[PDB]
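What follows is a set of notes on a single structure, which appears directly below.
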Amino acid sequence: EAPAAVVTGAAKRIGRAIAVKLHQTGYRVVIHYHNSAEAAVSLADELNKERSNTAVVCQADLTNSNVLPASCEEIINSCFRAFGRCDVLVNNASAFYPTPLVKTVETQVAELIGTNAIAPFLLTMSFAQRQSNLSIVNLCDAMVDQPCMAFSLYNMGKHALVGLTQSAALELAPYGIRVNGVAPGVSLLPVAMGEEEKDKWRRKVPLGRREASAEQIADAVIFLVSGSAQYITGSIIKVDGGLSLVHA
Amino acid sequence: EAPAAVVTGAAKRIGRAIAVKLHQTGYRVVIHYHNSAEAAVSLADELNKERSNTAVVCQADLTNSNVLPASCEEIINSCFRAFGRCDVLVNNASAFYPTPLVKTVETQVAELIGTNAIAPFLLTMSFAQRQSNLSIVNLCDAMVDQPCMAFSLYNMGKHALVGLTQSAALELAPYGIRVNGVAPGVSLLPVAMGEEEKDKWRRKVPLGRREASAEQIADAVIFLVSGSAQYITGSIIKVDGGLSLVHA
Amino acid sequence: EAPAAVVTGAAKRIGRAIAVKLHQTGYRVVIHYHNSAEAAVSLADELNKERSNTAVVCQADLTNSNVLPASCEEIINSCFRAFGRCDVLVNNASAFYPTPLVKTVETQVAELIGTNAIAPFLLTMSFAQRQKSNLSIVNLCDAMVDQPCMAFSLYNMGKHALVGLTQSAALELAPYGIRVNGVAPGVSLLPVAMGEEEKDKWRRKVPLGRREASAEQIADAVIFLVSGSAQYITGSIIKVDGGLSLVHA
Amino acid sequence: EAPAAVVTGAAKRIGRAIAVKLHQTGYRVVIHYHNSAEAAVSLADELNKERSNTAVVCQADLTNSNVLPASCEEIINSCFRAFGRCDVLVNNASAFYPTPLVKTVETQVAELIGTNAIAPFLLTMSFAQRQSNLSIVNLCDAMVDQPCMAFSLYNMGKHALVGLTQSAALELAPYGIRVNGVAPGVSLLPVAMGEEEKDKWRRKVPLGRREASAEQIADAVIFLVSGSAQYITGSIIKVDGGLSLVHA
Ligand SMILES: NC(=O)c1ccc[n+]([C@@H]2O[C@H](COP(=O)([O-])OP(=O)(O)OC[C@H]3O[C@@H](n4cnc5c(N)ncnc54)[C@H](OP(=O)(O)O)[C@@H]3O)[C@@H](O)[C@H]2O)c1
Ligand SMILES: NC(=O)c1ccc[n+]([C@@H]2O[C@H](COP(=O)([O-])OP(=O)(O)OC[C@H]3O[C@@H](n4cnc5c(N)ncnc54)[C@H](OP(=O)(O)O)[C@@H]3O)[C@@H](O)[C@H]2O)c1
Ligand SMILES: NC(=O)c1ccc[n+]([C@@H]2O[C@H](COP(=O)([O-])OP(=O)(O)OC[C@H]3O[C@@H](n4cnc5c(N)ncnc54)[C@H](OP(=O)(O)O)[C@@H]3O)[C@@H](O)[C@H]2O)c1
Ligand SMILES: NC(=O)c1ccc[n+]([C@@H]2O[C@H](COP(=O)([O-])OP(=O)(O)OC[C@H]3O[C@@H](n4cnc5c(N)ncnc54)[C@H](OP(=O)(O)O)[C@@H]3O)[C@@H](O)[C@H]2O)c1
Ligand SMILES: COC(=O)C1CCN(C(=O)c2ccc(CSc3ccc4nc(N)sc4c3)cc2)CC1
């Protein structure tokens with residue numbers, strides 16, 4: 001039978017492109033979402049029309065709290081209850097906003113560290129405990145070492161996620177589970193950003209002066225879960241058109 | 001008058017060695033402690049005997065919680081109240097223990113991410129808000145990229161701490177605040193670990209097959225706070241005897 | 001029209017698996033070799049039997065010297081003379097042996113730094129000069145460059161230089177639409193010499209499967225990078241190392 | 001007697017500041033130079049005026065060739081001939097100019113790769129072969145991962161020098177020789193540069209909107225050769241005011 005994948009924050013944007021590309025490769029997909037319920041159900045419907053009983057949704061808030069572990073347990077459980085197996089976990093869901101050093105701060109920590117690092121950890125624990133080509137792909141950030149000003153908690157979260165990628169690749173390799181990352185530079189710009197600001201970002205990209213397409217990001221996820229990456233674990237592939245190489 | 005420093009987890013081992021050497025260089029010091037009251041006061045007594053009214057203690061639990069922000073504020077305020085200024089923050093306090101992927105998990109999160117990463121971030125915000133040779137030094141880990149097996153939350157917390165070092169260096173540079181790290185390899189072994197497990201580590205180190213003393217760590221701290229490091233920010237200095245260069 | 005690729009040191013092991021998989025993908029190939037003539041011809045004959053006029057051989061020493069620039073220009077030229085285009089350059093050839101700090105030393109320099117770094121730079125200049133489209137370069141790097149083997153300083157210097165080239169060439173050629181990327185094996189095909197008991201010390205240190213990568217596993221990452229699936233990727237180095245580089249001493 | 005140091009390219013700018021500061025710390029110095037014979041002899045006169053017999057000059061072209069190993073051996077021999085010992089090597093000499101992918105290219109390679117990497121290797125070999133606080137410091141480049149457009153051979157040379165720092169720290173640590181780097185960002189700008197272009201670069205630096213003084217670079221060199229860095233090997237200290245953390 002067909003393998004199954006969980007993609008977090010899969011209702012729109014890069015998570016959607018990834019669930020669709022996994023679905024096109026033959027996977028059954030759990031579309032996780034938090035607030036985007038209409039967008040999630042609509043995607044599951046399109047995918048089920050293409051092949052029936054191959055897509056389900058699963059709602060979960062990935063903010064850190066004492067119940068996050070149970071919510072991450074239930075996301076993985078949802079894949080096993082729908083499809084009988086869980087081959088691939090893509091940790092895509094992310095909160096992203098400025099937290100200047102100079103919402104309560106404890107809420108900012110919970111959301112930016114929770115969604116970007118703690119939930120990927122707890123999902124990776126549940127995915128491994130609930131156990132062919134098993135892998136986890138984490139959506140990292142190619143500019144983690146050249147951070148945007150006033151985004152310390154988001155940068156902290158994405159650095160922690162690099163640590164999780166390495167530590168989990170190390171500890172899960174004996175179980176045959178690979179863990180790798182895909183690190184966009186600028187890809188789909190934030191919905192609220194003006195065209196003028198989007199073009200200042202585009203102009204910085206050496207390869208094409210444009211942002212990555214969602215499909216370009218999904219291609220590298222597709223590679224790392226494929227049998228063409230069967231010896232790759234602990235690797236983070238930048239998909240950034242050279243942006244991280246550009247000096248100030 | 002003289003400059004003042006805060007050192008977190010300063011009662012024992014590396015934090016004590018940092019407190020002593022800052023004090024020897026002429027700083028007044030706040031010795032932070034959580035459980036080690038006796039040891040903290042005993043250090044403050046030794047320093048005040050050398051120079052009166054130059055060392056105070058400050059109790060706080062650095063576990064992440066709804067009150068960590070208030071505790072981190074209090075640590076910084078206690079330097080301002082005692083000494084009228086706060087020139088240096090050394091984020092030294094740290095929890096360390098394994099968290100296998102296959103104490104509640106949210107308690108391990110609160111300790112290993114709370115004290116290793118979130119408290120430094122909150123201390124950094126309070127230190128900056130309350131503001132010269134100002135600087136922060138974070139105690140990082142030289143082996144962050146070749147992590148110990150089953151130490152994924154610890155490793156996540158130390159990677160987050162590298163993220164904080166870089167983001168805070170960029171964001172506070174405009175205020176003349178430098179932010180740097182010191183990354184020990186094997187230093188003072190965890191007090192629990194036996195002498196057979198401890199000499200295995202000692203034999204792997206290129207430089208003299210021995211752990212770093214705490215004072216070797218404090219030496220790099222002293223350099224980074226000095227007038228000799230006035231253009232250095234966002235740098236992490238490994239002090240590991242070459243251990244991180246050794247392949248598997 | 002089928003695209004064309006140069007693979008350096010393609011007669012055997014990894015560069016041979018790269019040439020074959022590029023050929024399977026529809027590429028015409030220049031099989032560069034230094035001393036391995038019989039193996040290079042035999043590969044070109046196998047590939048030509050699969051599809052006529054799709055493989056040629058090109059002999060060249062990539063040791064650093066006064067003539068290396070001309071040699072590297074000739075390798076690139078051979079691809080254009082054979083196939084009328086050159087889409088892909090794979091810098092795979094490498095010298096590799098210990099150079100303790102404590103052959104003359106200048107020969108060691110010429111061979112380790114020439115093959116691992118200077119020949120790739122010269123081939124990259126020659127490849128780009130001849131273009132000015134899915135054009136790309138892939139450099140074979142080394143996942144253990146920051147945890148080097150003892151007494152391999154010149155080899156380690158050569159492979160770090162190669163990282164620099166990968167990054168610098170990515171930035172400088174990105175306006176011509178040429179992408180530059182690397183693949184960094186950890187332990188793959190072990191040296192022909194080596195006893196099984198020494199090969200087993202290496203295999204046992206790999207977290208993922210306690211075995212070395214096959215040449216084909218490394219070629220797979222090369223194929224990905226030159227493919228339309230990697231169209232936005234430049235300046236990136238993919239480790240293909242079973243988690244080896246994550247393992248502390 | 002007093003320890004002795006070799007500083008390559010020590011006649012002008014940063015190598016001169018390093019030679020001065022080592023001398024001020026008590027070292028006798030070999031001032032290596034290539035073309036700047038007048039400035040070298042003039043610095044050695046100034047040092048000897050301050051303590052007689054504590055400075056010599058040594059002329060040598062560090063371009064790669066079949067006689068580079070003999071020239072590097074001669075630089076080390078000259079320190080032994082003048083002072084009877086050689087405690088510290090600083091690899092500071094460097095060629096720097098663009099080499100666009102699209103003088104002969106064989107000359108570009110010889111000068112940029114010879115001076116920045118091969119000469120350091122050969123000097124390191126000669127230093128070690130001729131042998132209580134021995135150490136080598138390589139002048140690296142903080143921007144080596146975000147290179148200047150058209151500087152591939154320079155950047156290749158500087159990357160190689162990081163490889164040399166690590167490999168030689170590992171292989172020489174059993175002889176008690178430490179090897180480390182110091183990585184300027186923007187420090188003394190090239191003489192050839194106009195003042196408008198100088199200012200563009202200054203405005204990029206987060207800490208102060210200014211270039212490093214040569215003395216600030218030398219300070220980090222003094223630290224790595226000092227008794228306070230005795231457990232530090234294989235480390236590279238960036239001295240860049242935050243420049244490498246700034247995104248495009
Ligand atoms: N876009 C880029 O240019 C870029 C650049 C660098 C890195 N990345 C990384 O690439 C990944 C995908 O980027 P993207 O732009 O597609 O992401 P995004 O649109 O910013 O977020 C994707 C989804 O994350 C989920 N999310 C946010 N807060 C959450 C919470 N508290 N609980 C559960 N889910 C939550 C949301 O689901 P709902 O909508 O269902 O609420 C959201 O649609 C992210 O990890 C991102 O950081 C993106
Ligand atoms: N020792 C090494 O070899 C080594 C290796 C790698 C990295 N490091 C880094 O170097 C730094 C100092 O190392 P160390 O071995 O001296 O550290 P440690 O003994 O493990 O802990 C240092 C101090 O941190 C405080 N601490 C722990 N949990 C806390 C909590 N929940 N709240 C408040 N304080 C807490 C303790 O204070 P009280 O005792 O007052 O309760 C303790 O004295 C650490 O940041 C560490 O990660 C050290
Ligand atoms: N095998 C591994 O585990 C491993 C690990 C890390 C990195 N790598 C990298 O992956 C690549 C392929 O590895 P490999 O094991 O297949 O390579 P290899 O067998 O050591 O060398 C590849 C070919 O390099 C060519 N070569 C050597 N010296 C040369 C010179 N002076 N001029 C021209 N060509 C020369 C030889 O061609 P002739 O036979 O025709 O003389 C040789 O067959 C290399 O860049 C290597 O550094 C491999
Ligand atoms: N300055 C900066 O902003 C900056 C930034 C990053 C890194 N760095 C690094 O820091 C170090 C010192 O910087 P700098 O600006 O002082 O250097 P510099 O002025 O460019 O050069 C230092 C000296 O190197 C010597 N040199 C050049 N070609 C040589 C050859 N073929 N043989 C022997 N010596 C040769 C020259 O000696 P003579 O004058 O005697 O001929 C020159 O004075 C360099 O390694 C550099 O790459 C500097
Ligand atoms: C010598 O060639 C020339 O006369 C011109 C001036 C430099 N050019 C530049 O674009 C350019 C690029 C980068 C910097 C950063 S500061 C630095 C970095 C490493 C380094 N390394 C050294 N050895 S000095 C140095 C100085 C300054 C200038 C154009 C060509």
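Starting from 1 in every chain, residues are counted up; chains themselves are A, B, ... following the order of the structure tokens, and ligands are numbered from 1 as listed.
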
For this session: Find the residues near stretch 155-160 of chain D: any atom within 6 Å, counting only C-alpha atoms, skip ones fewer than 5 places away on the same chain, and give them as a ChimeraX atom specification.
Result: /C:157,160-161,164-165 /D:113,116-117,140

For this session: Skip residue A:153 itself and residues of its chain fewer than 2 positions away, then list as a ChimeraX atom specification all residues within 12 Å of it, counting only C-alpha atoms.
Result: /A:95-101,105-117,144,147-151,155-160 /B:117-122,125,160-168

Residues just named, written with N, CA and C atoms as a tab-separated table (two decimals), in the first residue's frame:
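Generated output (result-v5.tsv):
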chain	number	residue	atom	x	y	z
A	95	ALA	N	5.36	29.83	13.64
A	95	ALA	CA	4.98	31.27	13.92
A	95	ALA	C	6.18	32.15	13.55
A	96	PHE	N	5.93	33.39	13.10
A	96	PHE	CA	6.99	34.21	12.64
A	96	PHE	C	6.58	35.66	12.90
A	97	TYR	N	7.27	36.38	13.79
A	97	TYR	CA	7.00	37.81	14.01
A	97	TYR	C	8.13	38.34	14.88
A	98	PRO	N	8.30	39.66	14.86
A	98	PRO	CA	9.37	40.35	15.59
A	98	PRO	C	9.15	40.30	17.11
A	99	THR	N	10.23	40.18	17.88
A	99	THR	CA	10.22	40.22	19.34
A	99	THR	C	11.40	41.11	19.76
A	100	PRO	N	11.28	42.44	19.55
A	100	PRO	CA	12.47	43.32	19.87
A	100	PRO	C	12.95	43.18	21.33
A	101	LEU	N	14.26	43.27	21.54
A	101	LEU	CA	14.83	43.07	22.89
A	101	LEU	C	14.64	44.36	23.70
A	105	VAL	N	5.29	38.37	26.85
A	105	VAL	CA	6.54	37.81	26.42
A	105	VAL	C	6.40	36.29	26.57
A	106	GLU	N	5.59	35.83	27.51
A	106	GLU	CA	5.58	34.39	27.77
A	106	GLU	C	4.73	33.76	26.68
A	107	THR	N	3.78	34.51	26.15
A	107	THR	CA	3.06	34.02	24.97
A	107	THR	C	3.97	33.98	23.73
A	108	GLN	N	4.78	35.01	23.52
A	108	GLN	CA	5.74	35.01	22.40
A	108	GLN	C	6.69	33.80	22.49
A	109	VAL	N	7.25	33.56	23.66
A	109	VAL	CA	8.09	32.38	23.81
A	109	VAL	C	7.32	31.13	23.43
A	110	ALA	N	6.14	30.91	24.04
A	110	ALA	CA	5.35	29.74	23.77
A	110	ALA	C	5.09	29.53	22.28
A	111	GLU	N	4.71	30.58	21.54
A	111	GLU	CA	4.38	30.43	20.13
A	111	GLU	C	5.65	30.31	19.26
A	112	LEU	N	6.67	31.19	19.45
A	112	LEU	CA	7.78	31.17	18.54
A	112	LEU	C	8.66	29.97	18.87
A	113	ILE	N	8.93	29.69	20.14
A	113	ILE	CA	9.72	28.45	20.45
A	113	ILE	C	8.88	27.18	20.29
A	114	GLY	N	7.63	27.24	20.74
A	114	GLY	CA	6.76	26.05	20.62
A	114	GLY	C	6.58	25.57	19.20
A	115	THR	N	6.14	26.45	18.30
A	115	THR	CA	5.83	25.94	16.98
A	115	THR	C	7.12	25.65	16.23
A	116	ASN	N	8.20	26.42	16.48
A	116	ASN	CA	9.36	26.25	15.60
A	116	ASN	C	10.30	25.17	16.15
A	117	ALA	N	10.18	24.83	17.41
A	117	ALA	CA	11.17	23.85	17.94
A	117	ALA	C	10.54	22.80	18.84
A	144	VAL	N	19.64	31.70	9.17
A	144	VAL	CA	19.69	31.64	10.65
A	144	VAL	C	20.94	32.33	11.18
A	147	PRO	N	20.72	36.97	10.96
A	147	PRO	CA	19.31	37.10	11.31
A	147	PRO	C	18.74	38.48	10.96
A	148	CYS	N	17.43	38.54	10.74
A	148	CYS	CA	16.73	39.82	10.65
A	148	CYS	C	16.75	40.49	12.03
A	149	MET	N	16.89	41.79	12.01
A	149	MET	CA	16.94	42.57	13.21
A	149	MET	C	15.60	42.39	13.95
A	150	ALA	N	15.67	42.17	15.27
A	150	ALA	CA	14.53	42.17	16.19
A	150	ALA	C	13.72	40.87	16.05
A	151	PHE	N	14.32	39.80	15.50
A	151	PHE	CA	13.61	38.51	15.49
A	151	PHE	C	14.35	37.47	16.38
A	155	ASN	N	14.60	33.39	15.73
A	155	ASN	CA	15.94	32.89	15.31
A	155	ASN	C	16.35	31.78	16.29
A	156	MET	N	15.98	31.98	17.55
A	156	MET	CA	16.34	31.00	18.59
A	156	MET	C	15.69	29.65	18.25
A	157	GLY	N	14.41	29.76	17.92
A	157	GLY	CA	13.53	28.64	17.55
A	157	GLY	C	14.12	27.91	16.34
A	158	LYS	N	14.49	28.64	15.29
A	158	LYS	CA	15.03	27.95	14.08
A	158	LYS	C	16.43	27.39	14.39
A	159	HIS	N	17.24	28.04	15.22
A	159	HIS	CA	18.53	27.41	15.61
A	159	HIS	C	18.29	26.12	16.37
A	160	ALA	N	17.31	26.18	17.29
A	160	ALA	CA	17.00	24.93	18.09
A	160	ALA	C	16.61	23.82	17.16
B	117	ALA	N	18.23	28.80	27.60
B	117	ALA	CA	18.01	29.68	26.47
B	117	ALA	C	17.05	30.83	26.80
B	118	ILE	N	15.86	30.49	27.33
B	118	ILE	CA	14.82	31.54	27.62
B	118	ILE	C	15.32	32.51	28.71
B	119	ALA	N	15.87	32.03	29.79
B	119	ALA	CA	16.36	32.96	30.88
B	119	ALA	C	17.49	33.84	30.33
B	120	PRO	N	18.42	33.25	29.47
B	120	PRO	CA	19.37	34.19	28.93
B	120	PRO	C	18.67	35.27	28.08
B	121	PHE	N	17.67	34.83	27.34
B	121	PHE	CA	17.00	35.84	26.48
B	121	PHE	C	16.33	36.93	27.37
B	122	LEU	N	15.68	36.50	28.47
B	122	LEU	CA	14.95	37.48	29.36
B	122	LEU	C	15.94	38.36	30.11
B	125	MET	N	17.14	40.95	27.65
B	125	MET	CA	16.16	42.06	27.47
B	125	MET	C	16.21	43.01	28.69
B	160	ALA	N	19.81	27.21	20.50
B	160	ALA	CA	19.01	28.45	20.68
B	160	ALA	C	19.89	29.56	21.27
B	161	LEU	N	20.77	29.19	22.18
B	161	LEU	CA	21.68	30.14	22.85
B	161	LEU	C	22.68	30.74	21.85
B	162	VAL	N	23.13	29.93	20.87
B	162	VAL	CA	23.97	30.51	19.75
B	162	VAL	C	23.10	31.51	18.98
B	163	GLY	N	21.87	31.11	18.58
B	163	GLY	CA	20.93	32.07	17.93
B	163	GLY	C	20.80	33.38	18.72
B	164	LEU	N	20.57	33.29	20.04
B	164	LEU	CA	20.44	34.48	20.88
B	164	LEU	C	21.73	35.30	20.81
B	165	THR	N	22.86	34.60	20.94
B	165	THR	CA	24.15	35.35	20.88
B	165	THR	C	24.20	36.21	19.60
B	166	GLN	N	23.90	35.61	18.40
B	166	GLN	CA	24.01	36.34	17.18
B	166	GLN	C	22.95	37.42	17.07
B	167	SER	N	21.69	37.11	17.37
B	167	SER	CA	20.60	38.08	17.18
B	167	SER	C	20.80	39.27	18.12
B	168	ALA	N	21.20	38.94	19.35
B	168	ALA	CA	21.38	40.03	20.35
B	168	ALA	C	22.61	40.86	20.00

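Distances from C:33, C:224, C:83, C:121 to ligand 3 were compared using only C-alpha atoms and all ligand atoms, and the smallest one belongs to C:33.
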
Problem set entry | Picked from stretch 12-203 of chain C by DSSP as helix (DSSP H, G or I), as JSON, numbers by chain | {"C": [13, 14, 15, 16, 17, 18, 19, 20, 21, 22, 23, 24, 37, 38, 39, 40, 41, 42, 43, 44, 45, 46, 47, 48, 49, 50, 68, 69, 70, 71, 72, 73, 74, 75, 76, 77, 78, 79, 80, 81, 82, 83, 105, 106, 107, 108, 109, 110, 111, 112, 113, 114, 115, 116, 117, 118, 119, 120, 121, 122, 123, 124, 125, 126, 127, 128, 129, 153, 154, 155, 156, 157, 158, 159, 160, 161, 162, 163, 164, 165, 166, 167, 168, 169, 170, 171, 172, 173, 174, 175, 176, 196, 197, 198, 199, 200, 201, 202, 203]}

Exercise. Do you know which residues are within 7 Å of ligand 3 using only C-alpha atoms and all ligand atoms? Can you write them as an MDAnalysis selection string?
Worked result: chainID C and resid 8:15 33:37 60:63 92:96 111 115:116 140:143 184:191

Selection from above, C-alpha atoms, as a CSV table (one decimal), in the first residue's frame, can you write it?
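This is the output file out.csv:
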chain,number,residue,atom,x,y,z
C,8,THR,CA,36.7,14.6,-13.9
C,9,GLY,CA,38.3,11.4,-12.6
C,10,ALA,CA,35.4,9.4,-14.1
C,11,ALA,CA,37.1,6.1,-14.9
C,12,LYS,CA,36.4,4.4,-11.6
C,13,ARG,CA,34.6,4.5,-8.2
C,14,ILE,CA,32.5,7.6,-7.6
C,15,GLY,CA,33.2,9.5,-10.8
C,33,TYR,CA,41.0,10.3,-16.6
C,34,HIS,CA,44.6,10.7,-15.7
C,35,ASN,CA,46.3,7.2,-15.4
C,36,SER,CA,43.2,5.0,-15.7
C,37,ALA,CA,43.0,4.7,-19.6
C,60,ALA,CA,44.7,15.1,-18.4
C,61,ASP,CA,46.9,15.5,-15.3
C,62,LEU,CA,45.3,18.0,-12.9
C,63,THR,CA,48.4,18.5,-10.8
C,92,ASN,CA,35.2,14.8,-8.9
C,93,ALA,CA,39.0,14.0,-9.4
C,94,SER,CA,41.0,14.1,-6.2
C,95,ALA,CA,44.5,13.1,-4.8
C,96,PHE,CA,44.3,11.9,-1.3
C,111,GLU,CA,49.0,17.3,-6.4
C,115,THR,CA,43.5,18.3,-8.1
C,116,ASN,CA,41.3,19.2,-5.1
C,140,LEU,CA,32.8,16.8,-4.7
C,141,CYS,CA,33.6,18.0,-1.2
C,142,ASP,CA,34.2,16.1,2.1
C,143,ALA,CA,31.7,15.9,5.0
C,184,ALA,CA,30.1,15.9,0.5
C,185,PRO,CA,30.5,12.2,1.1
C,186,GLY,CA,31.6,11.0,4.5
C,187,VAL,CA,32.8,7.5,4.0
C,188,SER,CA,32.0,6.0,0.6
C,189,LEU,CA,34.0,3.5,-1.4
C,190,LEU,CA,36.9,2.7,0.8
C,191,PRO,CA,40.6,2.9,-0.6

Considering only C-alpha atoms, tabulate each residue of chain B that lies at most 7 Å from chain C along with its nearest interatomic pair and the corresponding distance in Å to one decimal; arrange the rows by chain and ascending residue number and present them as a tab-separated table.
residue	atom	partner	partner_atom	distance
B:145	CA	C:246	CA	6.3
B:146	CA	C:246	CA	4.4
B:147	CA	C:248	CA	6.8
B:204	CA	C:249	CA	6.4
B:245	CA	C:147	CA	4.6
B:246	CA	C:147	CA	5.4
B:247	CA	C:147	CA	4.8
B:248	CA	C:249	CA	4.5

Dump as a PDB file, in the first residue's frame, selection limited to N, CA and C atoms:
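Below you can see selection.pdb, which holds the result:
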ATOM      1  N   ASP B 145      27.543  20.746  17.571  1.00  0.00           N
ATOM      2  CA  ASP B 145      27.357  20.128  16.262  1.00  0.00           C
ATOM      3  C   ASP B 145      27.625  18.625  16.228  1.00  0.00           C
ATOM      4  N   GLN B 146      28.124  18.071  17.328  1.00  0.00           N
ATOM      5  CA  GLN B 146      28.403  16.680  17.364  1.00  0.00           C
ATOM      6  C   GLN B 146      27.846  16.206  18.689  1.00  0.00           C
ATOM      7  N   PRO B 147      26.536  16.257  18.790  1.00  0.00           N
ATOM      8  CA  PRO B 147      25.914  16.212  20.133  1.00  0.00           C
ATOM      9  C   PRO B 147      26.040  14.844  20.835  1.00  0.00           C
ATOM     10  N   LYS B 204      40.389  11.757  24.961  1.00  0.00           N
ATOM     11  CA  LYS B 204      39.963  12.146  23.575  1.00  0.00           C
ATOM     12  C   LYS B 204      40.472  13.564  23.247  1.00  0.00           C
ATOM     13  N   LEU B 245      37.483  19.164  17.113  1.00  0.00           N
ATOM     14  CA  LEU B 245      38.102  18.832  15.816  1.00  0.00           C
ATOM     15  C   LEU B 245      38.252  17.297  15.638  1.00  0.00           C
ATOM     16  N   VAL B 246      38.031  16.477  16.682  1.00  0.00           N
ATOM     17  CA  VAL B 246      38.398  15.034  16.628  1.00  0.00           C
ATOM     18  C   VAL B 246      37.291  14.222  15.912  1.00  0.00           C
ATOM     19  N   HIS B 247      37.618  13.561  14.808  1.00  0.00           N
ATOM     20  CA  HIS B 247      36.564  12.765  14.145  1.00  0.00           C
ATOM     21  C   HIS B 247      36.263  11.506  14.972  1.00  0.00           C
ATOM     22  N   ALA B 248      35.138  10.904  14.623  1.00  0.00           N
ATOM     23  CA  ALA B 248      34.571   9.720  15.267  1.00  0.00           C
ATOM     24  C   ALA B 248      35.559   8.538  15.219  1.00  0.00           C
TER      25      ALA B 248
END

For this session: All residues within 7 Å of ligand 1 are required, counting only C-alpha atoms and all ligand atoms; please report them as a PyMOL selection string.
Result: chain A and resi 8-15+33-37+60-63+91-96+111+115-116+139-142+183-190

Problem set entry | Residue list for chain D near chain B as a VMD selection string, 10 Å, only C-alpha atoms | chain D and resid 166 to 167 169 to 179 184 205 to 213 215 to 220 222 to 224 227 to 246

Exercise. Nearest to ligand 2: which of B:134, B:90, B:22, B:6 is it, counting only C-alpha atoms and all ligand atoms?
Worked result: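 Among the listed residues, the smallest separation from ligand 2 belongs to B:90.
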